[PDB]
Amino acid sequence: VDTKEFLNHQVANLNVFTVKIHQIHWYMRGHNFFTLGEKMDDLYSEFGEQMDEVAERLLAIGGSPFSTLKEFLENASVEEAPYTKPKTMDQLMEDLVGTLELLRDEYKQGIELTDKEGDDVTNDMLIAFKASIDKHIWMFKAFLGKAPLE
């Protein structure tokens, strides 16, 4: 793709992801409601901050970020669904994990692309984000009784 198009795509993804995290926090039940609820507050903030960093970096290389729900929905590859059928804590975490893995695999594409375009700053930004995602993956997989790449 190009670097601008990549970052914008992640602007949309991250605004979908952030609303999903609220969905999980609002609808979760079970013995881990307090501990996992506060984990989702923290996740909400961090993913809000990555989103800002992506948008502001795109601004800084001369692009124009998506800035409506309509545009996020039209461009996100991260998926959402309304909450209807009760979902277990394990199933919410599995959804969360699925999304983190999706962002991990797309950032890895952004990392390669951005090395080929010689955009050293955006490259480095995306790698620091992947470092945090990879650590979240291990922890939530561990919560689900699984190994990180299982």
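So that there is no doubt, residue numbering starts at 1 and follows the sequence shown.
J.: On average, which has the higher Cα B-factor in the deposited entry, 86-94 or 56-64?
T.: Higher of the two, by average CA B-factor, is 86-94.
J.: Would you mind comparing 77-85 and 22-30 for me and telling me which has the higher average C-alpha temperature factor in the entry?
T.: Higher mean C-alpha B-factor in the PDB entry: 77-85.
J.: Lowest, middle or highest third of the chain for the C-alpha temperature factor of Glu117?
T.: Ranked within chain, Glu117 CA B lands in the highest tercile.
J.: Sort the modelled residues of this chain by their C-alpha B factor and say whether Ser45 lands in the lowest, middle or highest third.
T.: Its C-alpha B-factor belongs to the lowest third of this chain's values.
J.: C-alpha B factor of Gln109, ranked within the chain: lowest, middle or highest third?
T.: It falls in the top third of the chain.
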